[PDB]
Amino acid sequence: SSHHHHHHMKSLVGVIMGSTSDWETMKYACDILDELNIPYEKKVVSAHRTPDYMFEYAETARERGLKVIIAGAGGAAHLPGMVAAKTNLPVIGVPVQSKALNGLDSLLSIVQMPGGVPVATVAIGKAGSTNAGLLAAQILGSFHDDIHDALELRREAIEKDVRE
């Protein structure tokens, strides 16, 4: 069932990752977007195995109405940065926890982007993935007060739960 007939169901966030195994990490961002009723798309897009496709994905993101891209990658983690080099939409990079170096390689490859090409970097692993969802929502919430108000209530409920 398509949703071309609902502007409000059209993707605002693109959630991408270099491999299907990254989905174990990237699902957390998507759970947040589900919780906040923010429409999104999720795809495998590999910087190294599908480079042309990555460029196509990045180039067309804004015309397709995406406001934010969330990109996860591990090791020599180039996906977030190369997507960022190809769009001026904000790009959030989630370092996936790699086998040998526990995401230290992931983190440095993503966060140390040169002047001109920011990537919004979050924590290694599942906390970062959750936080990518939330940051995408915060970005949407800088224009849409309803989303902002919902983030406030969500945080307020957690505070109460933890404190009590």
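The numbering used is simple: start at 1 and walk along the sequence shown.
As the entry records it, the average C-alpha temperature factor is higher for 94 to 102, out of 94 to 102 and 107 to 115. Note on 23 to 31 vs 66 to 74: mean CA B-factor is higher in 23 to 31. Looking at the C-alpha B-factors along this chain, the one for residue 46 belongs to the middle third.
In this PDB entry, the Cα temperature factor of residue 36 sits in the top third of its chain's modelled residues, the highest group.
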